[PDB]
Structures are given as C-alpha cells and as structure tokens.
Amino acid sequence: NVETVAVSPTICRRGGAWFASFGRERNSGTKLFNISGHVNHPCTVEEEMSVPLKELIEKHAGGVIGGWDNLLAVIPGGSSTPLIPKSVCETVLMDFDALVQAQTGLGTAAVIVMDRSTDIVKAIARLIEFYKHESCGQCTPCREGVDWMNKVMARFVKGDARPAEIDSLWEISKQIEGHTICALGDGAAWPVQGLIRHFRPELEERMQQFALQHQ
Amino acid sequence: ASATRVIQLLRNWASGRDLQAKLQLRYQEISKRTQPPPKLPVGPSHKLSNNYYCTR
Ligand code: SF4
C-alpha cells in the first residue's frame, strides 16, 4: 500500500521502537483517518493508532451532525466493513484487534458516519449495488451471488420481501464468503451481515409496512 | 327410490330388514361432479433457510 511504503523511510530514520511506541501491542504506529458522511467537518487527519472512535470524530470531524445523540451507525473501515450502532461506537477503539472484537475489522480506517435521519437499508443497498458494479465476474460465487444480493436488497429497500427472506439472504452471504477467488466477495457479504445483525427489526418493520399498504 | 308402499312392505318382510335406510342405489346424497379448486399445501422441505439438502 502507498501508506505502508511511505511510512518506511521515517521508520528507518527514527527507528522501529519509536513507531512501536504509539498504539497498543500488535496495533502500533500512527494511522490516516478519513471521516465522512454526517459530520460537521468531514476531513482527513493523521492520528495515533488506538484512538477512540468517538474521540476522533469529535476532536477532528467536529462531531456528528446534530450532536452525538443524533448518531445512528458508523462504518469504521470502508465499505467492506460491517456497520456498528451507537452502543458499540460509544467506547470502541480504532485498531485491528479492538474492531475485530467488535465484529467489524479495522479495514482501511475510513469512517463513514450516519445519523438517525438516513435510510440505513438504502445506504447498505447502495453499497451492495457498488459491489455488483465492481465485481470482475471471474468466479461464479461473487458474480452470481452479488447480483442476487443486489436484487434482494433492492426489494428490501421497498419492503417487497417477506421476513423469511432475511435468513435466506444471510445464508446467501455465507455461501459467498470464503468461497471466492479474492476478497471482494467477502467485502460484499460483510456489510449485508452487519446490516442484518444490527437492524433486523427495521427490515421487518419495512416489510410489515409494505404488506399493510399493499394488502 | 320410486317404489310403492306395498312393494316396500313386501320386500322388507321378505328380506327381514329395512331396505329404505340402507339403499344400494346412489342418489342426491353423493358429492357434486363439479368441485371448488384445491390448495394442496407444501411439505416440510419448502423452507427458505436452514434447509441444506445434506441434512435431509
Ligand atoms: S470474488 Fe474477486 S475474482 Fe471472484 S468474481 Fe468477484 S472480483 Fe472477481
């Protein structure tokens, strides 16, 4: 990676011990963070590795739009990492091991924040559509399964599905993950898994509303 | 059955049983030859999840 290559001369000049002085064990150094979405001051900033997510967002991004209480969800490490809700983002650190423990993964340290005014299902469906548009098509699981998940999420956005289809979509994502040539399939399966895990009630509510107004 | 009362009495006495209660000729008691459509439910394997074939 560009950042990995670029930090190397400074590491050689100042020593590896200086770089390992920052951050926790096995998560050492400093990291570039891109905070975007529903923040007052979206920006790129370099900061110590194991910074709390809330502390980074408030200190550098100017806080969440409408205040910290207005926060709904955060994608911590780019589109390929599962989302986490406010309760997890309250006291979570920003490094590989702590974010893996929060069932997300550090990823590329790209924080995308969403307040309680955004359709989280729509955002996840847009990400899945991106992954459908970006797959190379070489291996069948990624190709066909990501197309399938894109169609299912498009139906989910309107509530045109049934509650039994949520578990089927979960199984489809599991069938994609770990069976592809590269990690694009995993990177498409994980956001769906996170959305299901943390907002199944919202999907069911949307399905009930659509069924009620369509009869 | 379109049988006269006297013939019914004679056949009942001859057989020793009451024939009218259990007749061997079908009448309007049978079902209509035109029926409403059925629905025919599905079996236990029609689930959308947790239904891997290797487990059944
Ligand atoms: S998983 Fe990777 S190799 Fe397979 S189709 Fe998707 S992008 Fe191509």
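Residues numbered from 1 in each chain as written, not as in the entry; some residues may be left out. Chains lettered and ligands numbered in written order. Part of a larger assembly, values for the part shown. Heavy atoms only, no water.

- As summarised from the PDB record, the model derives from cryo-EM at a stated resolution of 2.4 Å.

### As for the pairing of strand β2 (residues 43-48) of chain A
Residues and elements named next belong to chain A.
No. 1: When strand β1 (residues 30-37) meets β2, the two strands line up antiparallel, connected through six bridges. Its bridge partner being in β2, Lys31 is matched across the sheet by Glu47.
No. 2: The turn linking β1 back onto β2 is made up of five residues. (Pairing = 2+ DSSP bridges. Helix = DSSP H or I, 4+ residues; strand = E, 2+ residues; numbered from the N terminus.)

### Things to note about the side chain of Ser50(A)
No. 1: Tracing the sequence through the fold places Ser50(A) in the loop between β2 and α3 (53-61).
No. 2: Looking at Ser50(A), its side chain comes within polar contact range of the side chain of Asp95(A), at 2.7 Å. (Polar contact = N/O pair within 3.5 Å; in protein donor to acceptor, adjacent residues only side chain to side chain.)

### Quick look at the nonpolar core
All names here are of chain A.
No. 1: Ranked by size, the top nonpolar core spans 31 residues in total, and within it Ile120, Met149, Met153 and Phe156 carry the most contacts.
No. 2: For this core, the secondary-structure elements that each account for two or more residues are β3 (71-75), α6 (120-134), α7 (140-158), α8 (164-176) and α9 (184-214).
No. 3: Mapping this core onto the domain boundaries places at least three of its residues in each of domain 1 (30-115) and domain 2 (120-214).
No. 4: Look past the residues within four positions of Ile120 in its chain and what remains in contact with it is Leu72, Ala73, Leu83, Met114, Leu195 and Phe199.
No. 5: In this structure, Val45, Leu71, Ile84 and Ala102 belong to the second largest nonpolar core, which totals 24 residues. (Core = buried A, V, L, I, M, F, W, Y, C linked by side-chain atoms within 4.5 Å. Buried < 20%, exposed > 50% of the residue type's maximum accessible area, 1.4 Å probe, protein only. Domains from an automatic or database assignment. Contact = heavy atoms within 4.5 Å.)

### Some details on the interface of chain A and chain B
Frequently, the measure chosen for interface size is the accessible area that the parts lose on association.
No. 1: Taken together, the seven residues of chain A in the interface contact four residues of chain B.
No. 2: With both chains or domains summed, chain A and chain B bury close to 440 Å², and 50% of this area falls on carbon and sulfur atoms.
No. 3: Contact with chain B buries area across many residues of chain A, yet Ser168(A), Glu171(A) and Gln175(A) alone supply 67% of it, more than any other trio.
No. 4: In this structure, the connection of chain A to chain B is made through zero salt bridges.
No. 5: At the boundary of chain A with chain B, the tally comes to four residue pairs in polar contact.
No. 6: Split by residue class, the side of chain A that touches chain B holds one nonpolar, two polar and four charged. (Buried area = accessible area lost by both parts, 1.4 Å probe. Salt bridge = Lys/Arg side-chain N within 4 Å of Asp/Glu carboxyl O. Nonpolar A, V, L, I, M, F, W, Y, C, P; charged D, E, K, R; others polar.)

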